[PDB]
DNA sequence: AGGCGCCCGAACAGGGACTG
DNA sequence: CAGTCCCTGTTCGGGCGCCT
Ligand SMILES: Cc1ccnc2c1NC(=O)c1cccnc1N2C1CC1
């Protein structure tokens with residue numbers, strides 16, 4: 001018997017009606033055995049045909065975990081509860097979280113099952129557990145408590161979270177604590193030994209305040225940005241000079257001071273691609289002057305809170321993938337490269353999934369926000385498999401791209 | 001007072017709306033004499049009531065007919081009430097495929113009678129029901145009433161039935177974990193691995209649990225009737241098949257004939273292996289009227305023939321055995337057509353299928369194969385809830401060469417080679433590096449937007465030039481057009497420099513087929529070469545011999 | 001009247017390069 | 001700038017198949 005924070009769908013829009021996608025029998029078993037328990041505990045309960053709403057559900061194992069986690073795709077719901085969270089209650093984003101030598105991510109989502117949910121809102125949490133081959137119809141539930149992964153849930157539990165943590169923050173004023181959905185980001189410049197200890201210390205607090213918590217560490221101070229770089233060549237073919245000028249011509253959308261003039265004149269006649277052409281000094285000085293402008297920052301690139309983040313991924317071959325996060329073309333807030341992720345040399349989709357998760361993470365630690373991805377993949381390919389490689393409790397927004405390689409030039 | 005059978009389902013109205021008032025619409029004069037009485041029947045059974053003052057509600061009649069009836073089936077039209085009624089979460093998410101069912105020793109079918117009228121309507125919603133229909137011809141204006149149950153043709157009926165039924169059966173199933181029930185509409189299909197007689201024990205014992213809720217299960221139910229006929233299927237506990245397909249032999253061919261034709265073949269493809277619809281579907285291209293006259297081409301007839309011999313002998317599918325692995329094997333049928341069989345024990349198929357869909361303007365076999373594999377995986381998850389082990393006509397090196405090169409993320413799940421020609425191959429590869437001692441063709445093209453007139457040509461390191469005038473063309477086509485020239489005029493190894501991002505993009509994905517005859521031609525030359533290195537430079541940067549061929553064609 | 005499949009066309013998005 | 005085109009991919013709407 002405690003209060004309930006009323007909640008409303010922002011004006012004009014309805015509850016999510018999105019269709020449930022087919023699950024593996026593996027995942028269908030894990031959901032049944034997970035939901036029956038959540039029913040017994042009165043977290044969710046069965047619903048009828050009078051409720052015409054659905055959100056998709058599936059299950060995942062977190063990285064290095066043999067236990068099945070239930071996962072709801074609340075993206076559609078979260079879009080329709082939005083004014084509630086952003087405008088109404090703010091979370092200051094620690095600009096320091098990124099500078100900490102270490103940051104651990106703890107799953108606090110369980111805490112959310114305490115609080116009751118506005119009885120009027122519950123009809124929008126409706127989700128179907130499907131059957132193999134359509135033999136039974138769906139088992140449909142709705143959420144009585146605060147559903148994991150909904151954007152209101154970390155919001156409404158805000159007061160309670162800020163409370164239970166206040167003891168710890170006071171004894172440890174230098175430790176930085178951020179919260180994004182089901183996750184709690186905790187970081188410090190402490191040596192890892194006492195860090196891992198201070199996290200357990202944090203584990204006990206929520207342990208004694210009625211929460212459970214199933215390394216997790218990120219190391220943001222070590223995060224590198226991948227700069228554009230022109231090759232180092234002893235001797236240059238026409239073809240080399242050509243690939244160089246073209247790359248430089250592209251890069252110049254980013255840096256206006258790049259010049260191809262003298263390097264261009266080198267190509268003058270119609271010459272064999274493999275013919276070897278010596279570098280004039282006037283060009284040699286132009287090339288060396290460019291390599292300089294490419295060690296600089298970019299005028300006027302800064303994060304604007306109101307605008308959405310956008311992330312682009314290119315497949316570079318042999319396990320490498322490059323990415324760029326930006327809010328406006330050619331102004332990149334970050335550029336990077338990944339290699340030898342799980343799946344390297346065998347499964348592209350696994351690797352891209354890994355990439356989207358690492359990118360989303362840095363994106364939350366940095367701006368406290370998940371990016372919108374442009375994925376170098378066919379819609380159906382991604383959709384058929386991504387659910388297999390998914391280790392995260394959130395779900396970024398994505399769209400599908402076909403961009404044959406002239407932008408492949410974020411890496412040699 | 002009436003009485004109270006089974007748990008009731010809350011029903012609202014689309015907020016800020018209320019029940020309908022309507023004028024009558026035509027219905028046949030003969031059958032309409034029967035119902036004047038029938039309403040009086042239901043009063044006594046609990047299915048009807050009335051009030052004079054309270055209903056500003058009226059509804060018309062429009063119905064749909066069914067074959068194979070020894071008596072006529074009534075209907076009422078709520079179309080006005082419907083649109084004004086809340087939406088439901090639909091219960092039918094689609095239907096099980098016969099091939100996904102596990103073999104059951106014993107399989108029975110109980111048919112629930114008065115199925116829709118056996119379910120209590122929501123107390124508070126009953127009101128919106130009032131209706132009127134012609135007496136015989138007519139005499140007096142009429143009378144009206146309200147519904148105490150689920151009306152035929154109401155938006156909410158199937159959904160509320162399905163959920164109540166599910167709700168009832170639930171406690172039985174838990175007490176009988178190893179029985180297996182399935183509900184389609186008002187019919188239930190039950191099956192078990194118990195002994196033939198002890199099974200019928202549970203069949204009545206279940207007819208018990210249903211009666212306890214007022215659900216009648218007659219004995220027209222048949223243990224001896226199976227095969228059961230359900231939605232085009234014939235089902236025996238051991239094996240299933242499509243119901244017999246009649247392929248028109250008609251000499252008269254209307255675009256509507258080919259259509260009905262194709263649809264039947266496509267329906268045949270779940271079971272009879274190797275059906276090809278490609279050439280017949282071509283006839284259908286760009287026709288104005290569905291009644292139009294069309295002749296059969298030799299290919300389309302050569303195809304129609306091969307399909308007929310497949311249907312000649314009958315065939316049957318097996319059922320699924322969770323203990324044994326799933327296997328999907330694909331064969332290339334050419335012309336971007338694909339067929340697959342999914343089996344467990346060799347030569348006994350669970351099901352078959354085609355993948356014919358040509359996706360994109362320019363494509364190749366690897367891509368189309370990758371796509372079929374995705375079609376099959378998706379289908380496999382729906383049906384068996386797992387992914388099959390794939391047997392594919394493609395060398396493990398062919399595939400490795402493709403996916404690791406392609407710019408997109410692409411994947412096939414666990415699969416092995418089956419050497420069953422035609423094998424899937426890459427018909428050419430572009431060099432990763434300039435070819436020493438090959439002629440270097442700088443190519444360009446330009447056309448004028450207004451005149452649709454243009455020229456395509458090239459310059460080489462050896463001094464060789466060419467320029468060809470072209471009529472009724474576009475900027476893109478000329479850039480393709482110049483690469484084409486450079487292929488034709490070059491030896492077995494060649495480097496080509498193009499500034500067309502458009503052109504570079506097509507060729508680099510190593511297409512083996514195209515909608516476009518010019519790209520097809522580029523392909524044919526590409527397959528003939530030993531070594532082709534194709535490079536890009538930015539336009540108008542005063543580059544190479546690119547500036548020169550630019551002058552030539554800009555001229 | 002709707003569900004699931006196919007094949008086709010016509011509409012609609014959006015990405016670059018040319019018009020000026 | 002725009003504004004235009006040219007091209008290509010997706011997504012929707014219609015006709016059959018199987019059925020309510
Ligand atoms: C039409 C249908 C649809 C779905 N399942 C079944 C059936 N009927 C069967 O013929 C059937 C056959 C074999 C095994 N299960 C069957 N059953 C399941 C109920 C035992």
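When residue A:372 is tested against (1) farther than 12 Å from residue B:409 by Cα; (2) surrounded by 22 or more Cβ atoms within 10 Å (Cβ to Cβ), just one condition goes unmet, and that condition is (2).
Checking each residue of the stretch B:85-92 against the condition of being within 16 Å of the ligand (Cβ to nearest atom), crowded, with 16+ Cβ neighbours inside 10 Å, under 39 Å from the mean Cα position of the chain (by Cα) and in a helix (DSSP H, G or I) gives no match. Output the residue which, of all residues in the stretch B:477-517 that are surrounded by fewer than 16 Cβ atoms within 10 Å (Cβ to Cβ) and part of a helix (DSSP H, G or I), is farthest from the other protein chains (Cβ to nearest Cβ). Across the stretch B:477-517, the extreme among qualifying residues is B:517.
Matching residues to (1) within 27 Å of residue B:164 (Cβ to Cβ); (2) out of contact with any strand residue (DSSP E or B) (no Cβ under 9 Å at 6 or more places or on another chain); (3) within 16 Å of DNA strand D (Cβ to nearest atom):
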| position | (1), (2), (3) |
| --- | --- |
| B:180 | yes, no, no |
| B:194 | no, no, no |
| B:198 | no, no, no |
| B:228 | yes, no, yes |
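Evaluate the following for residue B:326: is it within 16 Å of DNA strand D (Cβ to nearest atom) and on the phi < 0 side of the Ramachandran plot? No, not satisfied. Taking the stretch B:153-182 as the range and being more than 10 Å from chain A (Cβ to nearest Cβ) and surrounded by 15 or more Cβ atoms within 10 Å (Cβ to Cβ) as the test, the residues that pass are B:153, B:154, B:155, B:157, B:168, B:172, B:176, B:179. Figure legend. Inter-residue proximity from the stretch B:351-372: first residues within 16 Å of the ligand (Cβ to nearest atom), second residues part of a strand (DSSP E or B), beta-carbon distance below 8 Å, spacing 6+ or different chains. Indicated pairs: B:351/B:317; B:351/B:341; B:351/B:342. Of all residues in the stretch B:352-373, those satisfying the criterion of being away from DNA strand C (no atom under 11 Å from the Cβ) and out of contact with any strand residue (DSSP E or B) (no Cβ under 8 Å at 6 or more places or on another chain) are B:360, B:367, B:370.
Filtering the stretch B:257-288 to residues that are more than 9 Å from DNA strand C (Cβ to nearest atom) and farther than 19 Å from residue B:310 by Cα leaves B:257, B:288.
Within the stretch A:89-148, the residues that satisfy the criterion of being away from DNA strand D (no atom under 16 Å from the Cβ) and assigned to a helix (DSSP H, G or I) are A:109, A:110, A:111, A:112, A:113, A:122, A:123, A:124, A:132, A:133.
Number of residues in the stretch A:246-277 that are surrounded by 17 or more Cβ atoms within 10 Å (Cβ to Cβ), facing chain B (nearest Cβ under 8 Å) and within 25 Å of residue B:463 (Cα to Cα): the value is 8.
Hey, any hits in the stretch B:298-311 for a residue that's closer than 19 Å to residue B:239 by Cβ, within 16 Å of DNA strand D (Cβ to nearest atom) and touching a strand residue (DSSP E or B) at 6+ places or on another chain (Cβ under 9 Å)? No, the stretch B:298-311 has no match at all.
Scan the stretch B:202-220 for residues that are closer than 18 Å to residue B:186 by Cβ and within 13 Å of the ligand (Cβ to nearest atom) and the total you get is 2.
Among the residues of the stretch A:378-406, those that are more than 11 Å from the chain's Cα centre (by Cα), more than 10 Å from chain B (Cβ to nearest Cβ) and within 16 Å of DNA strand C (Cβ to nearest atom) comprise A:379, A:399.
Just the residues that are over 23 Å from the mean Cα position of the chain (by Cα) and farther than 18 Å from residue B:101 by Cα, please, taken from the stretch B:309-347.
From the stretch B:309-347, those over 23 Å from the mean Cα position of the chain (by Cα) are B:309, B:312-314, B:321-325, B:344-347; that's our starting set.
Those that are over 23 Å from the mean Cα position of the chain (by Cα) and farther than 18 Å from residue B:101 by Cα: B:309, B:312, B:313, B:314, B:346, B:347.
Within the stretch B:391-403, the set of residues being surrounded by fewer than 21 Cβ atoms within 10 Å (Cβ to Cβ) and either under 27 Å from the mean Cα position of the chain (by Cα) or under 16 Å from residue A:388 (Cβ atoms) (or both) comprises just one member, B:391.
When the stretch A:302-320 is filtered for residues that are in contact with a helix residue (DSSP H, G or I) (Cβ under 8 Å, 6 or more places away or on another chain) and within 14 Å of chain B (Cβ to nearest Cβ), the ones remaining, listed by number, are A:313, A:314, A:315, A:316, A:317, A:318, A:319. The number of residues in the stretch B:348-404 being within 22 Å of residue B:99 (Cα to Cα) and within 11 Å of chain A (Cβ to nearest Cβ) comes to 15. Looking across the stretch B:183-216, the residues that are more than 14 Å from chain A (Cβ to nearest Cβ), under 26 Å from residue B:97 (Cα atoms) and either within 16 Å of DNA strand C (Cβ to nearest atom) or touching a helix residue (DSSP H, G or I) at 6+ places or on another chain (Cβ under 8 Å) (or both) come down to B:186, B:187, B:192, B:194, B:206.
For the stretch B:297-335, how many residues meet the condition of being assigned to a loop (DSSP other than H, G, I, E, B), more than 16 Å from the ligand (Cβ to nearest atom) and surrounded by 19 or more Cβ atoms within 10 Å (Cβ to Cβ)? Residues that pass the stated criteria total 1. Kindly check whether there is at least one residue in the stretch B:244-256 that is within 16 Å of DNA strand C (Cβ to nearest atom), more than 14 Å from chain A (Cβ to nearest Cβ) and assigned to a helix (DSSP H, G or I). Looking for residues that are within 16 Å of DNA strand C (Cβ to nearest atom), more than 14 Å from chain A (Cβ to nearest Cβ) and assigned to a helix (DSSP H, G or I), one finds at least one in the stretch B:244-256, hence yes.
Considering only the stretch B:40-60, state which residues are surrounded by fewer than 16 Cβ atoms within 10 Å (Cβ to Cβ) and closer than 15 Å to residue B:130 by Cα. Write out each step before concluding.
In the first step, residues of the stretch B:40-60 are kept if they are surrounded by fewer than 16 Cβ atoms within 10 Å (Cβ to Cβ); the result is B:40-41, B:43-45, B:49-54, B:56.
Across the stretch B:40-60, the qualifying residues are B:43, B:49, B:50, B:51, B:52, B:53, B:54, B:56.
Of the candidates B:532, B:553, the single residue that is in contact with a strand residue (DSSP E or B) (Cβ under 6 Å, 6 or more places away or on another chain), away from the ligand (no atom under 16 Å from the Cβ) and within 14 Å of chain A (Cβ to nearest Cβ) is B:532. The criterion of at least 2 residues that are not assigned by CATH to the domain that holds residue B:334 is met, among strands (runs of 3 or more DSSP E) falling completely within the stretch B:379-471, by B:439-447, B:453-460, B:465-471.
Anything in the stretch B:107-126 that is part of a helix (DSSP H, G or I) and either touching a strand residue (DSSP E or B) at 6+ places or on another chain (Cβ under 6 Å) or buried (at least 18 other Cβ atoms within 10 Å of the Cβ) (or both)? List them, or say none. B:116, B:117, B:118, B:125, B:126 - these are the residues of the stretch B:107-126 that are part of a helix (DSSP H, G or I) and either touching a strand residue (DSSP E or B) at 6+ places or on another chain (Cβ under 6 Å) or buried (at least 18 other Cβ atoms within 10 Å of the Cβ) (or both).
Could you please find all residues in the stretch A:320-334 being surrounded by fewer than 17 Cβ atoms within 10 Å (Cβ to Cβ) and either closer than 20 Å to residue A:404 by Cβ or in contact with a strand residue (DSSP E or B) (Cβ under 9 Å, 6 or more places away or on another chain) (or both)?
Step one: filter the stretch A:320-334 for residues surrounded by fewer than 17 Cβ atoms within 10 Å (Cβ to Cβ), giving A:328-331.
The answer is A:328, A:329, A:330.
So which residues in the stretch A:337-377 are outside any helix (DSSP H, G or I) and more than 14 Å from chain B (Cβ to nearest Cβ), if there are any at all? Before the answer, list the steps.
Here is the first cut: in the stretch A:337-377, the residues outside any helix (DSSP H, G or I) are A:337-347, A:368-377.
Within the stretch A:337-377, A:337, A:339, A:340, A:368, A:369, A:370, A:371, A:372 qualify.
Basis: the model, the stated rules and, where named, an outside source; no laboratory instrument gave them. Methodologically, a virtual Cβ is constructed for each residue, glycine included, from the backbone with ideal geometry; neighbour enumeration extends over all protein chains shown.
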